[PDB]
Structure formats: C-alpha cells, structure tokens
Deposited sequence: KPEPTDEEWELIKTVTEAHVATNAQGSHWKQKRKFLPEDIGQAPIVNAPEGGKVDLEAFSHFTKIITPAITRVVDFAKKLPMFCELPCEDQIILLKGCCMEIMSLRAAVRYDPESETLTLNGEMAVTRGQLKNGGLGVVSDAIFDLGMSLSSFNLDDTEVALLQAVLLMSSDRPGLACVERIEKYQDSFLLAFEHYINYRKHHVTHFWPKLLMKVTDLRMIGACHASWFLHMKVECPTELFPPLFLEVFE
C-alpha cells in the first residue's frame, strides 16, 4: 500500500520534531517520575481538595507545552491569531490526554503527567476528572497494542489540532486542507510502518475517542479563583 511521498516525509519530520521538543522530560520521564503518595486522591464522603491542588499546579506547564507544539508547525503559524486560539482551546485537553495515555505503565496502573507525576485511576478521578479519568485510562490501556511511536503520536496531535469543526473559525477551508495533508501523511506512514494489528480504521476510532474526551469540557467544568487563569482560558 502507498507509503509517504517526499513532501510527506518533510511533513512527518517537521511534526515529529515539534513533538519531541515539547514532550515533558522527554525520555527520562519514567525515571524522573514520582508516584503521588496514595493517601491523596481517595473517595470523599464531592472533590478531594488536596488531589485537586496538585493538578492545578501542573495543568499550566502542560497547556503551555501544547502551545509550544503548534507554534513549531509552519501550518499553524500562518493562521490568523483568532483562529489559532479557537484551534487551541479545542485540542488542548485532547492532546494532553493523548500524551498522558501513551505514558501508561501497566506494572503500576498509572499514567504520568508532566513527565514526573505517576497517578492511579482513582486519584485522577477523585481529583476532579470523574468519568473522564476512566476514559483516559481506557485509551492508554487500549493503546498498548497499537505500539505508537513518536511520529504517530505527533501526527495524531496534528489531526486533532487542525479541526475545522470548532465553532467560530474564519479559515475553515484552510484548516481542512492542512488536516488532510496530515491525514494522508499519517496513513502512508501507517502503511509503511506495517503494524501487526486492521490498523487505521481502528486508529481513526481512537481519534473519535479523544474528541469525546475533549467534548467533556462542560461535563467537568471549588471557586473560579481556584483554577489557574490559563486553565480558565481554554475551558
């Protein structure tokens, strides 16, 4: 089946490099990482506030990394500033969920946030996520058969960023062309990569899985001063 054309290799390299440059604690993440003390994040008898205090502490550096990723894509950088904002409020949760889920550790049953905080499913649920925690932990459990490398995670992140779907976009058509460049280059890479899994229809279902994870901004949402202001801006 068709493999990347020369312009898509250029594309793949650029997107991949954007991702490695912005992934927290890069390759050390499983060594720098520390497990949240397990007294934190138990069932209240609403929301545990101590778990919640830690998650607002790391949300802002995490949102920031996603912004660093899109700004390393020439395709994103030539959009009007208003469009980049709309695109960025729409994919931020999605992309952070993806990067947390590729950092699933079954020996521990934890995802790693910011390259340093290993968190169990119960901690993340009781810190405020609720059912969205089970959603993210399901993605990471199901992704371990897919064996995604840096470029596949990077192209995923590119498909989610370039969503002409989001409301308020001036350059809807332009945004739809960039995503098709990525979508094509992603498949051609999947072909060449020859995963031993009906790979690609399944991967497209995982994209939907993330968009659902993203569409729960409102079914997620403690006083508003308790949220970091950068978090308030993208939710």
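Trainee: Please give the gaps, as residue ranges numbered from 1 in the deposited sequence, where no C-alpha is present.
Mentor: No C-alpha coordinates exist for 46 to 52, 205, 230 to 235, 250.
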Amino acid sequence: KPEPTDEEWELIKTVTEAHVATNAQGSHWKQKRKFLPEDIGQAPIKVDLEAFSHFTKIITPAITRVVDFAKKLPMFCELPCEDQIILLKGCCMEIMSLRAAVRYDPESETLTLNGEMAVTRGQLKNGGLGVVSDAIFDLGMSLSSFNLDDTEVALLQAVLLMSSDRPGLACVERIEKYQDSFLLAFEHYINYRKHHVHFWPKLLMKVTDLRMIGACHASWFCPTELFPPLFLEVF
From here on, numbers count along this sequence of modelled residues.
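Trainee: Which is higher on average in the deposited entry, the C-alpha temperature factors of 129 to 137 or of 161 to 169?
Mentor: If you average the C-alpha B-factors of 129 to 137 and of 161 to 169, the larger mean comes out for 161 to 169.
Trainee: Highest mean C-alpha temperature factor of the two stretches 58 to 66 and 185 to 193, which is it?
Mentor: Averaged over C-alpha atoms, the B-factors run higher in 185 to 193.
Trainee: Have a look at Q42, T208, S53, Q179 and flag the one whose Cα has the highest B-factor in the entry.
Mentor: Of the options given, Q42 has the highest CA B-factor in the PDB entry.
Trainee: Could you tell me which one of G115, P106, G90, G122 shows the highest CA temperature factor in the PDB record?
Mentor: So the option with the highest C-alpha B-factor is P106.
Trainee: Where does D83 sit by CA temperature factor within its chain: lowest, middle or highest third?
Mentor: Middle third.
Trainee: What third of its chain's C-alpha B-factors does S219 belong to: lowest, middle or highest?
Mentor: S219: CA B-factor falls in the highest third of its chain.
Trainee: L143's Cα B-factor: lowest, middle or highest third of the chain?
Mentor: It falls in the middle third of the chain.
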